[PDB]
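Note sheet for the following structure.
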Amino acid sequence: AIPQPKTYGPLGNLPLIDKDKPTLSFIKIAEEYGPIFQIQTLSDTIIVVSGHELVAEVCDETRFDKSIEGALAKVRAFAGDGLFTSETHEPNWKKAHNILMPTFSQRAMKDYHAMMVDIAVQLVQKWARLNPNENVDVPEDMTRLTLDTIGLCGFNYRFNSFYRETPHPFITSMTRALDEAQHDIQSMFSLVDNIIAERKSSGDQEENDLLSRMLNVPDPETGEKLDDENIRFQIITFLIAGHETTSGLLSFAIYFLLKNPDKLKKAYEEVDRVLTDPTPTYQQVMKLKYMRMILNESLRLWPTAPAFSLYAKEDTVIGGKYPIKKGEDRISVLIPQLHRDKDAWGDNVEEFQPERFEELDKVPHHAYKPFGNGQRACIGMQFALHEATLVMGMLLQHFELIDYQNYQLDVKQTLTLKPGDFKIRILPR
Ligand code: HEM
Ligand SMILES: CCCCCCCCCCCCCCCC(=O)O
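Numbered by PDB author numbering, the letters in the sequence shown go through residues 7 to 187, 209 to 456 in order.
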């Protein structure tokens, strides 16, 4: 039987978790009960898997599929049947997957690079125009950048987050729809439908982005284009799935570089050697290999999307001993503990060492899952890593980052993980 922490009659296992800190709570219980355990709530049971062998076993696509059972079922209210919140067997999933997969390749990022630079320059100019001793809020400015980059690169819409003191009506409306996990959802649907209507009427200009892609390219298997409602769901899906996770990545990367001076010094080395022009080029961004290893290490230590869920396709066993009823038990992957599995990663799991990714043969894959698994893995992986590398390189090109308050990490979790109350100061170089 699957290990279980305790039980308190009607209360299940909930007396052992902080409802506001689910991932961290599960980390604690994992430290107590090992690579697999089950948590009983008032209504259901969750199986939390964290050992790399069991995680790899549950990652077998023949036996397990993506589950949308809990948080994602709430996100579904406004994300609908988009890539993030649709079941694999639903038709629009593989339709949109085939349609949009080439646009998210690394070669396709060559097409988005300019727009990414646009928003990056905005961030840099903001920080350069600060008055002496003004503080910057790393998560909020990173979120400004990530939301604007996704809007511009994806459907050529400028949120202009850097022209606002309070985050955009869309992002607070989205936070209200998520803190539910109707007014707001309808306003979101209409804004997206407005951009879609602007594009379908007089769609002359070669915008060459995600919306034009969904309007032009059909699914080669079915021969069909995505319908309008699903395109709306896809645009909302890109916004939610991209901006928060990628801004969390940027914030954690800035934190780790501030707390590990050697890695920052090496990053300065690489950026100065590569970033010679005022604005980076796509080729130059790819040359920033050490920065991308810094990002890989940051995602290992604090995966901004800390979990994904699976369901069993037919009755089976894990580890040779733990049974799973078919399609009834929701398996949650505890990505931080998986990323701290010493048998797969070694002993220095808590150290910030980008050099773990120095040699692409040595990285223990299937114990490194910051972007999900298999066919339901993150379609925006290359988008996110390219954008994050660009922003980090540019910030290091222009700025000296100062830990003026001696920041003490506090991992806040909403739907994603991020540093809470993270403020620094900046100087020009
Ligand atoms: C650091 C940045 C990011 C992280 C850590 C991340 C993480 C993830 C994870 C873990 C999943 C799998 C979720 C599950 O299987 O339940 C996923 C899926 C997805 N992500 Fe990302 N993501 C990031 C950036 C982005 C960006 C930039 C975009 C879009 C521009 C995006 C769009 C999506 C979509 C559409 C899916 C659904 C994939 C499918 O099953 O078809 N993500 N992401
Ligand atoms: C930063 C560390 C976070 C760790 C989260 C562990 C907190 C939960 C420990 C057991 C529950 C104790 C109180 C939680 C609230 C409650 O019981 O109503």
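Backbone N, C-alpha and C fix where the C-beta goes; we use that ideal spot for every residue, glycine too.
Short of 8 Å in beta carbon distance, which residues of its chain neighbour residue i, apart from the five on each side in sequence? Order them along the chain.
{"i": "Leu237", "result": "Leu106, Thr109, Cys159, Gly160, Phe161, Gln261, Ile262 and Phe265"}
{"i": "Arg164", "result": "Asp154, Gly157 and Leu158"}
{"i": "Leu30", "result": "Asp24, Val438 and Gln440"}
{"i": "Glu38", "result": "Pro11"}
{"i": "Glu186", "result": "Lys80 and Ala83"}
{"i": "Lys100", "result": "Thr94, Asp246 and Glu248"}
Are the beta-carbon atoms belonging to residue i and residue j less than 9 Å from one another?
{"i": "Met121", "j": "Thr155", "result": "yes"}
{"i": "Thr416", "j": "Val344", "result": "no"}
{"i": "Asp124", "j": "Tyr338", "result": "no"}
{"i": "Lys132", "j": "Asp147", "result": "yes"}
{"i": "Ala394", "j": "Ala62", "result": "yes"}
{"i": "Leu276", "j": "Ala411", "result": "yes"}
{"i": "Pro173", "j": "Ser167", "result": "yes"}
{"i": "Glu324", "j": "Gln232", "result": "no"}
{"i": "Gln44", "j": "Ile53", "result": "yes"}
{"i": "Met180", "j": "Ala102", "result": "no"}
{"i": "residue 198", "j": "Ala294", "result": "Absent here is residue 198, because the residues of the chain run from 187 on to 209 with nothing modelled in between."}
{"i": "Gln432", "j": "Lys450", "result": "yes"}
{"i": "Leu48", "j": "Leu22", "result": "no"}
{"i": "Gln424", "j": "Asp299", "result": "yes"}
{"i": "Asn104", "j": "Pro305", "result": "no"}
{"i": "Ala371", "j": "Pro350", "result": "no"}
{"i": "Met419", "j": "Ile321", "result": "yes"}
{"i": "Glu414", "j": "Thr273", "result": "yes"}
{"i": "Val81", "j": "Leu442", "result": "yes"}
{"i": "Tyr282", "j": "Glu297", "result": "no"}
{"i": "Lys369", "j": "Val376", "result": "yes"}
{"i": "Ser217", "j": "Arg226", "result": "no"}
On the criterion of 16 or more Cβ atoms from any shown chain inside 10 Å, does residue i qualify as buried, or is it exposed?
{"i": "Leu387", "result": "exposed"}
{"i": "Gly401", "result": "exposed"}
{"i": "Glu140", "result": "exposed"}
{"i": "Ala280", "result": "buried"}
{"i": "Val219", "result": "buried"}
{"i": "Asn137", "result": "exposed"}
{"i": "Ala332", "result": "buried"}
{"i": "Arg113", "result": "exposed"}
{"i": "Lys396", "result": "buried"}
{"i": "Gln364", "result": "buried"}
{"i": "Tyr14", "result": "exposed"}
{"i": "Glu271", "result": "buried"}
{"i": "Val127", "result": "exposed"}
{"i": "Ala334", "result": "buried"}
{"i": "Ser336", "result": "buried"}
{"i": "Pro330", "result": "buried"}
Name, in chain order, the residues that DSSP records as bridge partners for residue i.
{"i": "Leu361", "result": "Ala334"}
{"i": "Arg452", "result": "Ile429"}
{"i": "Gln46", "result": "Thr51"}
{"i": "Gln424", "result": "Answer is none; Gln424 lacks a bridge partner."}
{"i": "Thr29", "result": "Looking at the DSSP assignment, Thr29 forms no beta bridge with any residue, so it has no partner."}
{"i": "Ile351", "result": "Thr343"}
{"i": "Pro446", "result": "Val438"}
{"i": "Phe70", "result": "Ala339"}
{"i": "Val142", "result": "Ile451"}
With residue i and residue j assumed to form a contact (beta carbons below 8 Å), what rounded beta-carbon distance in angstroms separates them?
{"i": "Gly76", "j": "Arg357", "result": "7 Å"}
{"i": "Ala183", "j": "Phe84", "result": "6 Å"}
{"i": "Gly269", "j": "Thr178", "result": "Wrong, their Cβ atoms sit about 17 Å apart, outside the cutoff."}
{"i": "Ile74", "j": "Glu59", "result": "No, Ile74 and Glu59 are not in contact; Cβ-Cβ is about 26 Å, not under 8 Å."}
{"i": "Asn257", "j": "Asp87", "result": "6 Å"}
{"i": "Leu253", "j": "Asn98", "result": "7 Å"}
Please list, in chain order, all residues of the same chain as residue i whose beta carbon is under 6 Å from its beta carbon, the five residues on each side excluded.
{"i": "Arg327", "result": "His366"}
{"i": "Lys353", "result": "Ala339, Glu341 and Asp342"}
{"i": "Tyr309", "result": "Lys116 and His119"}
{"i": "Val130", "result": "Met421 and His425"}
{"i": "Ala404", "result": "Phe398"}
{"i": "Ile222", "result": "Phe161 and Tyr163"}
{"i": "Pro41", "result": "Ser56, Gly57 and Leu60"}
{"i": "residue 189", "result": "Any question about the placement of residue 189 has no answer from these coordinates, since the chain jumps from 187 to 209."}
{"i": "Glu251", "result": "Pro245"}
{"i": "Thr51", "result": "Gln44"}
{"i": "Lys348", "result": "none"}
Go through its chain and collect everything with a Cβ distance to residue i's Cβ below 7 Å, but skip five positions before and after it.
{"i": "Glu427", "result": "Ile453, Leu454 and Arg456"}
{"i": "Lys314", "result": "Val301"}
{"i": "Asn287", "result": "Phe379"}
{"i": "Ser278", "result": "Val144, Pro145, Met148, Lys445, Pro446 and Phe449"}
{"i": "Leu436", "result": "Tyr282 and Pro446"}
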